[PDB]
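Visitor: Following this message is one structure expressed as C-alpha cells.
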Ligand SMILES: Nc1ncnc2c1ncn2[C@@H]1O[C@H](COP(=O)(O)OP(=O)(O)OP(O)(O)=S)[C@@H](O)[C@H]1O
Ligand SMILES: Nc1ncnc2c1ncn2[C@@H]1O[C@H](COP(=O)(O)OP(=O)(O)OP(O)(O)=S)[C@@H](O)[C@H]1O
Ligand SMILES: Nc1ncnc2c1ncn2[C@@H]1O[C@H](COP(=O)(O)OP(=O)(O)OP(O)(O)=S)[C@@H](O)[C@H]1O
Ligand SMILES: [K+]
Ligand SMILES: [K+]
Ligand SMILES: [K+]
Ligand SMILES: [Mg+2]
Ligand SMILES: [Mg+2]
Ligand SMILES: [Mg+2]
C-alpha cells in the first residue's frame, strides 16, 4: 500500500510527540502519590488505575508516525517488565528524559552516533556504580525482610517466602496456589520447570499474569513436529471426555496444527496448550523422557514407529497443575510414581559417573537437579475467598521482588539510587564533545524518576532533587511521609535488578530513536 | 481501464521524485555508521533496521508515476542481490547518482541515447579496470583472512571455511548445519549441487535464508513434465506414511500440479518441494540419472513406459538433507551406495576418453566433478542453543563472502575502489559531447558510495572524498575509526564481484530510465 | 494601536527568518566572484548590483516580526559602513553566522546570557589577536603600495595619495575634485574640517556619497541656537540673490527653523544646509571664530547684542566648496585673507605658551593645526570627461582605503585573517559550558566570510576552508584566479580596521538578538 515516508527532523518531532503522550499518561502514576488514570471501557464503568502498565497498553495514537514512537517505547518498558518484573513506569520516565534531550541535541546539530555512544558509556559506568550502592539479600533474615516490605509490611508473607526458599534453595522453583482455607501451607511436590513458553498467546487464560494455567491436565509427549491436526484428532477426542485439559509437549507445533488449537481452545472446544520440548538434538529426547517419567506418560516417537493416532489416554502423562509463561513451562505435582522417578534419577546419576566431558556432565547434573529437586508450593491462607484471593496476590508480588533481590540485592528507592549514582559521574568524559553531551543527557535523565515522584506529591522537584543530591549514601526523600532520611532504614527499597533494567532498556530505545533517520508507515488512507 | 499517460519532462520529474524517495530512505543505512530506519507493522512494535533490502521492500508511493520510478530502481537492488547477495544499498546510491545527473543532462537538451552510450562505455571500461585492481584470494591463508574478516574477526570461522574449501576445493559445495553441541565438525559426504531453485516460493520453510530445507526426504526423479496431480496421488500417499518429506525433481512442474503442491504443503498436508531437472535436452536425462545413482532412486521416464502411478517408495531416492534457494538445489548425503556411485563415475570417466568434442568433454567432466566431489558439511560449535544458532549465521555469511572473494578477488572497501577506478578513467571519451557528458555522469556517480558512507558518519563528504582522491592505491577513509589509512591493512575489503554487480545493475536500470520517453499507468480512480 | 506580542521561540524563529532573507540576498555579492542582484525600480530598467549596501537598503519584509529581525541586522551593515566605509557584506555574513548558531543553542536550552558572554569574550580576544597580526602602513612606500592596490594596480593613484599625505600628513585633510583636463594636480588651500555632520538628511544632494556638497556658498556663523525662522528671513533673502547656497553654522538649528530649511531647500527655494558648531562650552565660541577668520565671516553672537535680522551678505563668510557627511563638515578654500588667518594662528600660538594646563594646551594645538594645516586637493587627470569621472572614483576609493590602512594596518584579505585568528583561539574557554558554546559559535562564524567567497566562486567551501586552515600565515585562497598562495604577495589585503569593525558590529547585534525575549509590533491591520 502507498506509504508515507519521513526523514530527519520531520520524523523526530513526530516520535517525540508520540513518546510524550505515552510517557505523560503513564508517569502521573509513579510512586506513593501516583495519581489516577481513567481508562474508558466499551461496556461498564471506566477502569480507574494507578498501574502504569495498564495505562500503557491502552495507548495508541491517531497520527501514524507519533503512534510508532509510542509503540517503540512501550516495547522496551514491557521488556523491563519481563526481565525484572517491575519498574515499567520508571523505565518509561527514563526513556522520555533521554529521548527528549537527545533529540534536542540532534536538532542542535550534534552527531547522533556520538550522542548514543555517550549515553551508552554513562549507562555502562552507571550500572557498575549502582552495585556499590547495593545491599545483599542472602540470608533468610534478609529474604524475610524484603518479602515483608514487598508484602506491605506483612511479616507473614515474609516468613512464608523465606521458608519456601529455605526448602528448595533461593534458586529453586516456588509457586503459590489458593489455600484450602485459613492457615498457610508449604509443601514440596514432584515437579519440574523447563525453559519453553506457550507456542503463541491466546492460550493465556489468565491475562493477569499473562500466563496459561491448567488444572489436572493430560500431557501429550510427542517426540516430533506436529503439522497435521489429523494426528491429534484421535487423542484430542479421548481427552474431550474425562473433561480434562491437554498440554502438548512436542518438538514443535507448526502453523496448521497450532492454528487449529488456537481456534478450538478459543471456542471452549477442549482446552489445549502447546509448548516446545526442552533442549535440542539428542539431549532433547532424553529430556522429553524425564518429563514422561515424572508425569507418568509415554513418549510417542516415530523412531519406534509410533503414531499419535494410536495413542490413548493411558499414554498421556498427568499432573495436578501446569503453568506456562512467555518462555517457561512448569509442571506441578506429576502422577509419575516415586519408584520410576527415583529410579530415573539413579540412572542419570551413573551417567554423570561415566561422563567423559564436563559439558555432558553439566547437562546431566541439570536433569537430575530438575527431576530430583521438585517444586515448593505455597498455599495462601484464607478466611473468606475474597481475602484469600487478595493475600495470594501479595504473596505473588512479594515473592517476585524477593527473587530479584536475591539475585542482585536492593538499593534505595524513590529514585535516589539513580540520582546518587549520576551525581558522582559529573567528571565522566568520552572521545569528543558530542559524546560528552550524550553522557550529560544520560546523567540528567537519571534524576527524572525522583523528580516525577516528588511532582506527583505536589512538591517541588528541583528543591527535593537538590537536597537529596546534597546528602550522600542512602539519604533521600520519603514521598509517603514527605520527610528526608535513610531510604534503607525507612524500608523504601528497589531490587537492584529492576533499577538497572529500567535504565538499560530506556537507554536502549532512546539510542535507537536518536539514531533513526527515516520512518515508513501506511498513508492515513 | 482508462490510463494516465505522461511524456518527456513530465514523466521525468515524476520518475526522479520516485527514485529519490526510495534511494534516500535506503542510503541512510549504508556503511558502519548507517542510520536506523523504522518500518511500521500492522501489529506490535515497528521494525528497526539498518538493512537496505528490508527498507526497499516497504517502499511504495501514492503518485502512480512516482511509484513507477521507485519500483524500477528497486529492480537494481533485487538484481544485485540475486547476483551477489550483497551491495544492494551501494547499487541503489550509484543508480540514484547516475539517474539524477543523467536526467538533468536530458532536461538540458542532451541526447538520451548518447548519454546512455557514454554511461555504458564508462561502465565497460570501469569493470575491466576493476578486474585489474582486484587482488586474488587463492591460497588458504587469504581465504582464512577473508573468512575471519567476514566473521567479525572470528579467526575460528576463518579456519573452518579454509579447511572446508581445502577438502572439497574452493569451487566445491559447502554447507553449514547446527552442531551436535560444543566444538565444530567438518565432514565430506556423498552429495551434489545443481543450478535449479524452488519452482515457487511458499516452499520456503526458512524465510531467514529465504530457502527450503528438508530432512531425510524422499526424492522423486521423474523424467517428464507433471501437469496432473492424479499421477502424484499414489506416490504422495506412499510418502504420506513413513512421515518423510518429498523432493520432486521432474522436467518441470506446471500450474495444475504445482498449484496443488503449494496449497497442500501449505496446510501441513505432506511436505513437498519441486524443482526443475538440471540442464536440458539430452544431457538432462543423463544428469537426472546421476542424481538417481547418488540418492539410490529410480528415474521414472515415459520412454521406458513407466508411470508415476506405478511408483513405490522403493523407486524414490533419498538423502539426509536437501536445501534449495531461489536458484540452487543441493542434496546432502545421499543413500546411493559407493559401489553404484563410484561405478557411475568410472562410466562417465570413459565418456571423457571417447569424447570427440571439447564441449561434450567439458560437460562430462562437470558431471564427474559433481558426482565425485561430494559435499563438505560444516557443523557449527555450540554451548547453548542460542549462541549456536548465532555462530551458525556468522559462518553462513562469512562463507558467502569468502566464496565471492575467491571468484573475483577483493578490492579496497569504503567506496575507495570505485573512486580509484574513476580517477583512472579521466581521459575516457566517446563519439561526441553528449557521450562525453554521459561518461562524466558515470565517473561522478562512482564517488557516491564513499560520499554517502562519510555523510552517514556525520563528516563532510567533499573533504573526505577530496583527501582520498588525493592519495592513491588502497589509501582510504576508515568510517569506523574516522581515520585515513590503507584499507586492505585495516581489513576493509569488498568482494570484486559485489562491487562490479552493484555498478552494472545501477548503470543498466539508469540507462533504461534515462531513455524512457513515455509512461502509462491506471488513472487514480 | 493594538499590538502583536511574541515571546521566546516564537519571536526567535521570526527574527531568524528575517535575518536569513536579508543576509542571503546580500551575501551573494561578496568578493571577486560575487553574483548580481536585481533590484526593481518603479520606472525604467531594474538596478543590477554587486554592492551589498545597495541590496540591504531595499530589504523590507511583509511579516512584521521577520521585518524587525531584518532591520535589526541591517544596523550591522550601516554601523560598519559608517565606521570603516567598507565590509558591510562581510559584517552581514558574520552576523548571520553568529545569530544562526546562537539561536540554535538557545533553542537547545542553553543560557542566552552565557552564550552572549562567550561570544563577546571570543570577539575581544580576536580583536587583540587581529592587531597582533596587523602589518603597519606608515611610510610613503607602504601608503603608495596600498593605494595602488586599492586603485586596481594603478601606480598613478598610489603616488598621488602618497604625495597628498606627504603634504598635509597622513592624518591631514585630503579631497579630490575634477581635473582641469589631462595630468593630475595637487595643491593645498586654506581649509578646515570639524566633527559635525548635517543636522538632518535631505540636505544630502549627492546620495552617491550620502553627503551634502555646496559650491561657493555663504557661511552664516551664528553663535546661538536658531528656533524661529523669522531671524533668518532677512539673511536668507539676501542670499536668495547672488544665487549662492548658504551653510548655517550655529550652536544648533532646532525643529521650527530646521523643518523650514528642510522644506524650502526641498523645493529648490534657496539651497541651505545646517550643522552644529564644533565643540561645546567656551572653546565653542573660540572655534566658531576660527571658522570666521578662515572664511572671512563675522560671528553673530547675542553676547554683543547682535541680531540675525541685522546681518548682511557682508557678515557672511565664504569658501569655494564645503562638504558635510553624517558627522563631518569640511570647508575647502576659504575667502579669509592669509593676513587675518596667519595672524589668528600667531594668537593661538601664544595661547599655547601661556597654557597652564595640558588639556588647554592640547585643545589649542588642535585649533592651530586645523587653521594652519589647510586642505590638500587632488585634481584628477583627464583626457575625456568620461575617463576623468572614472579615475576620480578610483582615487576616491583608493584614498578611503589607504586612510583606513594608515590608521590600523592591513591583514590578509579573502577572509583568511579571521580564519587565522579563529585557529589561534581554539583553547579559549569561559566560565561554563554555555559560555564555551558561545565562544565556539563565534570562532565558527569567523570562517563564514572565506566560505561565502568560495561559494560565490562555485567551489567547495569546506574543501577550501580545510586547505587554508591546513596551512598558516598569509597562506590563502585567491578567488580571482582560484589558486592558493600568499595573500600578501598576491596583493589581497583588507584594512585591519574594516575587518575589526565588521566583526565587532556583527557580534554586537547578534548578542542583542540572542538575548531578546519579547517582540512588540503593530497588528497587521
Ligand atoms: N515512600 C516512598 N517514597 C518515595 N518513593 C517510594 C516510596 N515507596 C515507594 N517508592 C518508589 O516508587 C517507585 C515504584 O513506583 P510504581 O508506581 O510501582 O512504578 P514502577 O514500579 O516504576 O512501574 P510499574 O509499577 O511497573 S507501573 C520506586 O522507585 C519505589 O522505590
Ligand atoms: N570501517 C569501514 N570504513 C569504511 N567503509 C566500510 C567499513 N566497513 C565496511 N565498509 C563499507 O561499507 C559498504 C557496505 O555497507 P552496507 O551497509 O553493508 O551496504 P551494502 O552492502 O551496499 O548493501 P546491503 O548490505 O545489501 S544493504 C562497503 O562499501 C564496505 O566496504
Ligand atoms: N582575489 C581575491 N581573492 C579572495 N578574496 C578577495 C579577492 N579580492 C578581494 N577579496 C575579498 O573580498 C572581500 C570584499 O568583498 P566585497 O564584495 O567588496 O564585500 P564587503 O567589502 O565585505 O562589503 P561591501 O563591499 O561594503 S558590500 C574582502 O574579504 C576581500 O579581501
Ligand atoms: K503506580
Ligand atoms: K547497512
Ligand atoms: K561586492
Ligand atoms: Mg512498581
Ligand atoms: Mg552489506
Ligand atoms: Mg567592499
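Don't worry about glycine lacking a Cβ; one is built from the backbone with ideal geometry, like all the others, and counts go over all protein chains shown. Numbers and lists here come from the model and the stated rules, or from a named source; no laboratory instrument gave them.
Visitor: Sort out which residues of segment C:303-316 are under 16 Å from residue C:285 (Cα atoms) and surrounded by 12 or more Cβ atoms within 10 Å (Cβ to Cβ), and write them in order of number.
Guide: Answer for segment C:303-316, where residues must be under 16 Å from residue C:285 (Cα atoms) and surrounded by 12 or more Cβ atoms within 10 Å (Cβ to Cβ): just C:306.
Visitor: Let me ask you something else. Give segment A:505-525 a look and list any residue that's in a helix (DSSP H, G or I) and either facing chain B (nearest Cβ under 7 Å) or surrounded by fewer than 22 Cβ atoms within 10 Å (Cβ to Cβ) (or both), or say none.
Guide: The answer is A:508, A:512.
Visitor: For residue C:15, indicate whether it is away from every other protein chain (no Cβ under 14 Å), more than 16 Å from ligand 9 (Cβ to nearest atom), more than 29 Å from residue A:100 (Cβ to Cβ) and touching a residue at least 40 places away in the same chain (Cβ under 8 Å).
Guide: It is false that residue C:15 is away from every other protein chain (no Cβ under 14 Å), more than 16 Å from ligand 9 (Cβ to nearest atom), more than 29 Å from residue A:100 (Cβ to Cβ) and touching a residue at least 40 places away in the same chain (Cβ under 8 Å).
Visitor: What's the number of the only condition in (1) within 30 Å of residue A:306 (Cβ to Cβ); (2) crowded, with 18+ Cβ neighbours inside 10 Å that residue A:233 fails to meet?
Guide: Just one mismatch for residue A:233, condition (2).
Visitor: Residues to consider are A:502, A:480; find the one that is assigned by CATH to the domain that holds residue A:78, under 26 Å from residue A:158 (Cα atoms) and surrounded by fewer than 15 Cβ atoms within 10 Å (Cβ to Cβ).
Guide: Unique residue meeting the criteria: A:480.
Visitor: Which residues, taken from segment B:64-84, are in contact (Cβ under 8 Å) with a residue 60 or more places away in the chain and either over 25 Å from residue B:115 (Cα atoms) or within 16 Å of ligand 4 (Cβ to nearest atom) (or both)?
Guide: B:64, B:82, B:83, B:84
Visitor: Under 8 Å between Cβ atoms, which residue pairs at least 6 apart in sequence (or on different chains) link something in segment A:85-98 that is outside the structural domain of residue A:123 (by CATH) with a partner that is more than 10 Å from ligand 4 (Cβ to nearest atom) and in a helix (DSSP H, G or I)?
Guide: none
Visitor: Being in contact with a strand residue (DSSP E or B) (Cβ under 6 Å, 6 or more places away or on another chain), assigned to a helix (DSSP H, G or I) and crowded, with 23+ Cβ neighbours inside 10 Å, is that true of even one residue in segment B:28-40?
Guide: The answer is no; no qualifying residue exists.
Visitor: Still on this structure, please answer the following. Residue C:47: in contact (Cβ under 8 Å) with a residue 12 or more places away in the chain and within 16 Å of ligand 6 (Cβ to nearest atom), yes or no?
Guide: When the stated conditions are applied, residue C:47 does not pass them.
Visitor: Next question, about the same structure. Quick one: count up the residues across segment B:375-387 that are in a strand (DSSP E or B) and either buried (at least 22 other Cβ atoms within 10 Å of the Cβ) or away from every other protein chain (no Cβ under 14 Å) (or both).
Guide: 4
Visitor: Further question on the same structure: Please verify whether residue B:459 is surrounded by 15 or more Cβ atoms within 10 Å (Cβ to Cβ), at positive phi and outside the structural domain of residue B:403 (by CATH), treating the condition exactly as stated.
Guide: no
Visitor: Ok, one more. For segment C:479-494, how many residues are more than 14 Å from every other protein chain (Cβ to nearest Cβ), over 20 Å from residue C:147 (Cα atoms) and outside any loop (DSSP other than H, G, I, E, B)?
Guide: 2
Visitor: Answer with yes or no whether residue B:8 is assigned by CATH to the domain that holds residue B:459 and either touching a residue at least 60 places away in the same chain (Cβ under 8 Å) or within 16 Å of ligand 6 (Cβ to nearest atom) (or both).
Guide: So residue B:8 fits the description; yes.
Visitor: If I go through segment A:320-344 residue by residue, how many of them are over 25 Å from the mean Cα position of the chain (by Cα) and buried (at least 22 other Cβ atoms within 10 Å of the Cβ)?
Guide: Total satisfying the criteria: 2.
Visitor: Wholly within segment B:429-474, which helices (runs of 4 or more DSSP H) include no fewer than the required count, namely at least 3 residues that are within 14 Å of chain A (Cβ to nearest Cβ) and within 33 Å of the chain's Cα centre (by Cα)?
Guide: The qualifying helices (runs of 4 or more DSSP H) are B:448-457.
Visitor: Restricting the search to segment A:295-319, which residues are assigned to a helix (DSSP H, G or I) and within 33 Å of the chain's Cα centre (by Cα)?
Guide: Listed by number, the list holds a single entry, A:295.
Visitor: A follow-up question, please. Here's a check for you: in segment B:47-77, which residue that is over 30 Å from residue B:525 (Cα atoms) and surrounded by fewer than 21 Cβ atoms within 10 Å (Cβ to Cβ) is nearest to the other protein chains (Cβ to nearest Cβ)?
Guide: Among those residues, the one meeting the criterion is B:48.
Visitor: Sticking with this one: Can you find a residue in segment C:178-188 that is within 20 Å of the chain's Cα centre (by Cα) and outside the structural domain of residue C:78 (by CATH)?
Guide: No, there is no match, as no residue in segment C:178-188 is within 20 Å of the chain's Cα centre (by Cα) and outside the structural domain of residue C:78 (by CATH).
Visitor: Only one residue in A:109, A:102 is buried (at least 23 other Cβ atoms within 10 Å of the Cβ), more than 16 Å from ligand 8 (Cβ to nearest atom), assigned by CATH to the domain that holds residue A:452 and over 19 Å from residue A:415 (Cα atoms). Which one?
Guide: Selected residue: A:102, the only one of A:109, A:102 that is buried (at least 23 other Cβ atoms within 10 Å of the Cβ), more than 16 Å from ligand 8 (Cβ to nearest atom), assigned by CATH to the domain that holds residue A:452 and over 19 Å from residue A:415 (Cα atoms).
Visitor: Let me ask something else about it. When the residues of segment A:104-140 are narrowed to those that are within 30 Å of residue A:157 (Cα to Cα) and without any contact (Cβ under 8 Å) to a residue 24 or more places away in the chain, which ends up farthest from the other protein chains (Cβ to nearest Cβ)?
Guide: By that ranking, first place goes to A:139.
Visitor: Let me ask something else. Take residue C:154 and decide whether it is more than 16 Å from ligand 8 (Cβ to nearest atom) and surrounded by fewer than 22 Cβ atoms within 10 Å (Cβ to Cβ).
Guide: yes
Visitor: Same structure, new question: If you go through segment A:246-273, how many residues are closer than 19 Å to residue A:316 by Cα, within 14 Å of another protein chain (Cβ to nearest Cβ) and not in a helix (DSSP H, G or I)?
Guide: 4
Visitor: A further question on this structure: For the structure I just gave you, tell me whether residue A:363 is more than 16 Å from ligand 6 (Cβ to nearest atom), within 14 Å of another protein chain (Cβ to nearest Cβ), in contact with a helix residue (DSSP H, G or I) (Cβ under 8 Å, 6 or more places away or on another chain) and more than 13 Å from residue A:175 (Cβ to Cβ).
Guide: yes
Visitor: Now, a different point. Looking only at residues in segment B:79-100 that are touching a strand residue (DSSP E or B) at 6+ places or on another chain (Cβ under 9 Å) and part of a helix (DSSP H, G or I), which one is nearest to ligand 3 (Cβ to nearest atom)?
Guide: Residue satisfying both the conditions and the ranking: B:90.
Visitor: Determine whether residue A:372 is surrounded by 21 or more Cβ atoms within 10 Å (Cβ to Cβ) and either part of a helix (DSSP H, G or I) or touching a strand residue (DSSP E or B) at 6+ places or on another chain (Cβ under 8 Å) (or both).
Guide: No.
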